[PDB]
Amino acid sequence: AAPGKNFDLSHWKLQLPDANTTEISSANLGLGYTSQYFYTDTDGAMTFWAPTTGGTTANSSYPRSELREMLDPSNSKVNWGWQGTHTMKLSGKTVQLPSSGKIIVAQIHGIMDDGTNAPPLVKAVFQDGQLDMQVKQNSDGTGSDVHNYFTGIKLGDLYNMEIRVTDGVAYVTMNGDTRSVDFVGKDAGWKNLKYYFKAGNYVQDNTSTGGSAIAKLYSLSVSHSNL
């Protein structure tokens, strides 16, 4: 069955790497959308394929086949804040890499209150042998990232990932190994942004002959909670 039947995609939309970077609505995912970019493989995985020459969204140079969390499937401007607990769990694997050897398989992305773009906060960067959960230091265009390296994560291996924000602290986990970064403690300006999760295949190669990447998910959930 197409992915939106094996997964609760009622609060995700899908962003594609076709030339026009088409988006597929939550409802259409639920009605069984499938294509070369997004399909159920024979192992049941929700599978994301994107070529390095794909279209790029307005503020990126890299192509993606990637889910974008929609608290309101009819309004992408409704997103969550730094206070309380916000947790994504997934299990998946990276099957094929582009020539650069690097893709992003999950994110927490910032966004302004009015919906305008803001920086990523967490980027789960996969390479064949290490995943780096990168946490951006500052909410604006300054500074760099805090790296968090997980050694031994290879191409084709299954990973169990969790990314949690509780009260302005990011907890980044692979296979039960959790690291943390207090992002509001680094820059209180993160309190002036909202956030949404992403998961899929954001290919860090835009070159002519870099080929394409495949990432898979076997489970994907989001929980927002309080006390």
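One rule holds for the numbers: they count along the sequence shown, beginning at 1.
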{"property": "Stretch exceeding the other in mean C-alpha B-factor - 41 to 49, 57 to 65", "result": "57 to 65"}
{"property": "Mean temperature factor over C-alpha atoms, higher-scoring stretch between 139 to 147 and 74 to 82", "result": "139 to 147"}
{"property": "Among 132, 113, 128, 157 - the residue whose C-alpha B-factor is largest in the record", "result": "113"}
{"property": "C-alpha B-factor winner, where the candidates are 25, 20, 204, 212", "result": "20"}
{"property": "Within-chain third of residue 217 by Cα B-factor, per the entry", "result": "lowest"}
{"property": "Within-chain third of residue 117 by Cα B-factor, per the entry", "result": "highest"}
{"property": "Cα B factor band for residue 197 (lowest, middle or highest third within the chain)", "result": "lowest"}
{"property": "CA B-factor placement of residue 152, once the chain's modelled residues are sorted into thirds", "result": "highest"}
{"property": "Record-listed C-alpha B factor of residue 14: chain third", "result": "lowest"}
